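Labels A, B, C, D and E are assigned to the chains in the order they are written; within every chain, residues are numbered from 1.
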Amino acid sequence: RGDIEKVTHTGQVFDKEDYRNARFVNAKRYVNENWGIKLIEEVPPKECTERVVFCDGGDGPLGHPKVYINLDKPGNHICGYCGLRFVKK
Amino acid sequence: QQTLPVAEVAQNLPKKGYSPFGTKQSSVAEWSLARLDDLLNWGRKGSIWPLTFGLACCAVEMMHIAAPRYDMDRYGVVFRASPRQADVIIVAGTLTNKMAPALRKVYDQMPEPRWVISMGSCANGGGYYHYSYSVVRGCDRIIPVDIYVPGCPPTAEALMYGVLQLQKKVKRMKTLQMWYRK
Amino acid sequence: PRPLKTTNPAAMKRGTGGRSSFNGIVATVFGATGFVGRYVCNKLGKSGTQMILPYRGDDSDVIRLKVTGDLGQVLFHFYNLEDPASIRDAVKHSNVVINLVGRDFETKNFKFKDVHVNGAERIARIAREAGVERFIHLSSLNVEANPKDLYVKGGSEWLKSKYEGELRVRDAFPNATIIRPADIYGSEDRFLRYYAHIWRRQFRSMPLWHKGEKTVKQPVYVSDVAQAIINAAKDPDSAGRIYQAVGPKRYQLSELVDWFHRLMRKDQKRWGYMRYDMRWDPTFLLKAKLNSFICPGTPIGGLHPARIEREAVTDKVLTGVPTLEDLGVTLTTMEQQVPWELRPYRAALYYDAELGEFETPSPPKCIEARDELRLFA
Amino acid sequence: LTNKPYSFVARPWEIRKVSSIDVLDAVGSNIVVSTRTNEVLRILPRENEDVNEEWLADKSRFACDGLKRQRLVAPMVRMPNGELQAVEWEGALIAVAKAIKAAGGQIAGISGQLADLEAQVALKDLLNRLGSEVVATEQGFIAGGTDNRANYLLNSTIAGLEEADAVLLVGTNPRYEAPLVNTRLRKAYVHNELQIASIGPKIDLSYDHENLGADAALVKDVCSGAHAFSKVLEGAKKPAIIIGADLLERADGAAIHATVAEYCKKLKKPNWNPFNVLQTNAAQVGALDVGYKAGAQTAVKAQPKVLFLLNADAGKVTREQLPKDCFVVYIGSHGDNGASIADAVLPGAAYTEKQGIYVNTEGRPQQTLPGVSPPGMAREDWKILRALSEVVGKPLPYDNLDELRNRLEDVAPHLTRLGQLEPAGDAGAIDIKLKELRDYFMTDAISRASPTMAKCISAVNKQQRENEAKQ
Amino acid sequence: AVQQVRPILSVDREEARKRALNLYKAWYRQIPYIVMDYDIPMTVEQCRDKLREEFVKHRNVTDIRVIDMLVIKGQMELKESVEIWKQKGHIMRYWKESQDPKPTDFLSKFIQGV
């Protein structure tokens, strides 16, 4: 079926000759469709004015630890935890 | 994962019907066997008699399934002692090496058709003592297992859900319908 | 230097050989539920093989094999022998195919034509299409181009089909291995039980053809046969050759049956065992003919006219065809195994005998090669 | 500051530490190979005052990627058409055995760069059982040099250099050839007030040093005492002369080796041995210490019908120089140019998956330990040769490592005493490779296969391209 | 290099030799009962060899205290076998039947892999 040849977001797939596909003849291979690498890429960056800002995952105690980011460089800056991007202009 | 049908889509689907073989049998002989096969399954499905194994601290939650809150007996499940009259074995607990020959024998003495349920992590894959020097790493090493109920211990409802899975597994046996093709 | 079919490291041999190891063999045992299958599958599971076990009937029969292997190393695949689409699914990833499909009698849906020759060909033909490297088939040892009957007017059909099935297998899969066993035994069998059953007797007796004195047999323990199948599977040198699977010793059928009934404590002195000559009593042949007709699923006590003809024919081990000793198997003698096979069939087993109250039975006397010349004139 | 290639791969508590040694460089620095679930994550320096000093050169630190690329997994054999196909072991060893019987004694072997002492000894014994004696190495060397163990070692121990007072570097850029030694020289330069001089192309050592010039006749000038720096060496309380192993391989090397080895005896002071040869391969010292001849031309000159390339992935040998009737059998870990010529490739294990003895430049024998199982159907290097004798018919005296080690114990007793040194007493235009940082990273098969070292080469080149662009 | 110690069961090698033989007696007497009361393939002659085979394992043992311990453990099994506390599986455990032979020759091990 389709799922056998589908390649997961981690980049793994059994070769069409690999015997290990035998395990899927009577079952399915759920490949998640909501790839995190693309959903985070979709969200646009946040323009700021201050020189340093903080992201906490967005919901305080339900988010990730509060980390501060420095925006001096031109390129928009990624948060280590949540992956959100920040930029000063 | 196959998700459930939407209401509007499901609003058209025909009623499922009881038998999992449908009423689409071509011949009379096949159809009679199909219906007759349901009669067997209805019988075995109704009255599933565990063996009262109760090895370890899953065993306590195997009592509360018989307690008034959940009442295994409502489903025709009746505990029994002798493996001859017992139909199902619920291996609930940590099957150590010293026990292992005893479970094998007790399972063998059970007459066919016999189904095994594995309760909790201990009996599933060795659980919390997986690496111990005197633990059989899962009862499936010793006897075939038909349903795996995860948990530690599984909740009473969790085991109940397991038992109903065994009823459905029993409900769809093709003991007769496959004799015809054989 | 045989080319390595695939260099993907995940599909290479790994480990110490225990259950968690891997042989690099992806087998497919057609007919794993049968008597031989239980022993082939378990021996594969020890090595670390990954096996697909197609099963035609309900899962209940085959579910017991899941214990043989390790996690993810045993997979079941429902299939219908007539439908090739079903079979391709189970042979499209395999390196080895083993064909233990056959029956001792005919059915309403499967005559010997459909199973032994047409069925086995279909499994072999599909295997070649998929690209299976190895193939293994079973056949009788006395297989002949046109076997003559000995006591039953239609008792040779089973062998005729087996011979024809053997050729079509070699036709479809020219480098197929063929192992030709003879009177396999050792538990859940139809040799040591077919002689210990109630039906076979007549109230205490044993109708044997010529009293069994003109029949010579070389029974082989089933485990040795299973070891042969696997050893042939691990080796490519064994491809495209015929192997005869026979025991180490030859016995007259009269000599064997006497020895069983001594092991079973069913001696003539007390129990009342005695040997007819099957030709004298026609009642016995009626029992088989009645027995075959009445029972829908499987004959009771393994008794039916086809099985009778197997008993009458003496094993004919050809000279010059390789034996399991060529495959490295060390054959177990009957004296080693049979005394433990028949412990649960012993008579007066409720006794709780004191030590020595039952004397150890005398062993059977094999038949020397020269004596077989005289015995057969 | 943290390792970029290793980023996020694992955590400390998970790791199972495996003390080993490095082989990409001759210094033999001690190592702790971090392993987790049958894979080398990183390589860390193990403290060892006498050799390592807790530092570690990059080529040792970032070779762990090379062990996961271009690796040989299955035996391979040249088909009649000309391509290689993978085959089973029983088939391969039998295929090679046919060549050996048909070769009829015209056999030769060539040890490589990453070769092992134990594997090298097996290769020697196997060829002696066949009667052949053409057992060489890849690096060339002064003829007759193997007679005295002091002729090819750092007689002044690695630790001993840091006390040095006047050092003469002849055709040696230790900053790249063996950085851990240079780290000791700079330590002397900072603290012990070291005076340094060079003979060869201008280079930078990370510290001030005089360049006497690249002329060949200089070395005889310094020896003759006429040269100005010659006064410095004869006055210092711990003079030392370091000569690159590359120069000795050169044709002139024998004369150069004689003068300085003659000059050192004048400079020789109580408990100090000025003469010092700087090696660049972990295999070389062990090979010469066992009885190998030197130079890959010792094997070409025999015109052998069968040749064993044991980890010999240098480009020194080429399929043209071989007789047109030849059978090249390459026993190694990484498929490279060495394998590209081979007629029958037998996979070996890399140093992280084989317990083997290596002899560092100063003479210390040290033992690796197997942190990782070898991949695919790879086996240890000596196991193959031990097995290959069976299919040829002359079983070797030993069937276990301890049995093999005792054979070394009989050839050279000191080789057993691991982590120790035996003093060897007396010893009886220059141009250099490896003068640029760009040339430092790509010197070995393991390094040459490293994805990380590809980035470093591009990074160094990238900066140079941009720098000239701005100007 | 000698030290003073507390004896286990015996004081002299001769007494230790005497105790060990008794353990051989009791086992050799017991084999006929074990065959009857256990559903196992092995016969008396085969078992009586296994008794001989294993008493030979500890061929080079010299220390009396070690010999005492072997006889303490050796006796314990016999009581657990004179009784049928040991099950059918345990008795056959003395043969290692399930484990198939592992070849010893170098060439076979190399081809088979580690």
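Note that a contact is a pair of C-beta atoms (placed from the backbone, for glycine too) under 8 Å apart; a residue touches a chain by one contact, two chains touch by 3 or more.
Compared with subunit B, the chain whose C-alpha mean position is the greatest distance off is D. Looking at B-E alongside C-E, one finds more C-beta pairs in contact between the chains of C-E. Taking each chain's centre as the average of its CA atoms, subunit A and subunit D sit 45 Å apart. Spacing of subunit A relative to subunit E, judged by their CA centroids, is 62 angstrom. Taking each chain's centre as the mean of its C-alpha atoms, subunit D lies 53 Å from subunit E. Centre-to-centre separation of subunit A and subunit C, using mean CA positions: 58 Å. Subunit C has residues 13 in contact with two or more other chains.
In subunit B, no position touches at least two other chains.
Multi-chain contact residues of subunit D, defined as those touching 2 or more other chains: 377. Taken together, the subunit D residues at the contact with subunit E in this complex read 89-90, 377, 379, 383, 386-387, 390-391, 395, 399. Across the complex, subunit D is touched by residues 1-4, 7, 9, 12-13 of subunit C. Looking at the complex, you find that subunit E touches subunit D at residues 106-107, 110-111, 113. Those residues of subunit D that touch subunit C in the shared complex are 73-74, 77, 85-88, 91-92, 94-95, 375-377.
Only residues 32-33, 36, 39-41, 43, 98, 100, 112-114 of subunit E touch subunit C when the two sit together in their complex.
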